[PDB]
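Below, in structure tokens: the form solved without this ligand, a single chain.
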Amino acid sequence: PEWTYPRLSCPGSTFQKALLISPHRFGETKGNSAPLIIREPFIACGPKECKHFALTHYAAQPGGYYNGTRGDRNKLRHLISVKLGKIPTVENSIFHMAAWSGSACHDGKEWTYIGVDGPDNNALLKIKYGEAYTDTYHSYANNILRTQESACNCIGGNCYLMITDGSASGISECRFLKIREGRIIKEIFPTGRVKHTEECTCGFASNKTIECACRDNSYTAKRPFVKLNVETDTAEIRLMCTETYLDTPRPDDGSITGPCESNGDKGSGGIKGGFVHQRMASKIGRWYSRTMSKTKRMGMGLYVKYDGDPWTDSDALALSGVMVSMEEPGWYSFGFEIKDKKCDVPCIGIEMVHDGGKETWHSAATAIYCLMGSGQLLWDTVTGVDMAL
């Protein structure tokens, strides 16, 4: 085969509901199935197939290992995948590696699978290229080394990946790695607004540039926004200037007072956010998602803006549609791209967590929406699960 490159995007001007993967529809006590207990789902596509990835707790519903299934980190956690369209069950899924933080991508020839493992103070990023484990990367701040929980991005064979290390409540200065046939050939140290960046959702703006919309878990409700030049291997981060704050929790739109870089208030905590590019011949669409509630992980709206500089443009993003109603859960979101025959189709995934607290099972559905045709986004998504079944 040949190395993948970003192409121009397929025709269209709205997103529509594509696909729901709700594995706990079949998790009943009175049923006969074994859906895997997961969180942090994401999707990544190669020239022939799309894979649906997740981090499992190594437990099924129904079952007896519900306890600890609300934590993030433990020695059983694993990166798993099914072909997108298959329900992620005990039998359908393939286990790639131990991990409580994850990424994966296809370079045109082969899959790269990334998983972070180990103790909180000395955790370890691990790289699998196909079947072969091929490299690692050590914790540099000794406080929960971490990666994206969404697809990495490859071009001409170089796959690019955000990592971060630091306190969830303080400084977490991310870096980027450049990975080629599964080995780290370069380290990139961003400049600019670097205080706290984690869970970057990234994609290609062009053959020169990768961008990402990230999460500040401590300081601000504005998403940190990465521009990485892949020709010089240099990166700069600044906050998104829009009044449409995309993190949760957040304050009311436009109420953060100051120039583009101000923080200011109700910006502790956060959430991973969907972000995807619509690349046209003389114009670029940036697509984003965020929660319907300003405070809780309920609902998910889709927004878009075409062109401008997100670092300096304070104008609202344009509401396109409600993807998940306020009455339904809306936790992490991510972007990804499907390869049609001659163009790329942008999409946004949504993690819909079934949360009853730590004294029952904790898992998620996944809702997908993608650019298709014209007009407005038309229908919303429900998980359909009753957690007591």
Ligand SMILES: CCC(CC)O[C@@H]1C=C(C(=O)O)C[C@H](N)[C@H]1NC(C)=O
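Residues carry their position along the shown sequence, with the first being 1.
Only in words, not in the display: the form deposited with this ligand bound, which the text now covers.
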- prompt: Is there a heavy atom of residue 332 lying 4.5 Å or less from a heavy atom of this ligand in the bound PDB entry?
  reply: yes
message: residue 354 versus this ligand, in the bound PDB entry: is there a non-hydrogen atom within 4.5 Å?
response: no
query: Any chance residue 100 has a heavy atom within 4.5 Å of this ligand in the bound PDB entry?
result: yes
Any non-hydrogen atom of residue 87 within 4.5 angstroms of this ligand in the bound PDB entry: no
- request: Please pick, from 309, 72, 131, 252, the one residue with any non-hydrogen atom lying within 4.5 angstroms of this ligand in the bound PDB entry.
  value: 72
task: Consider the chain as shown here, without its partner, and state which of 227, 146, 96, 126 has a heavy atom within 4.5 Å of this ligand in the bound PDB entry.
output: 146
message: Counting any heavy atom within 4.5 Å as contact, can you tell me which stretch out of 87-95, 309-317, 138-146, 287-295 lines this ligand in the bound PDB entry?
response: 138-146
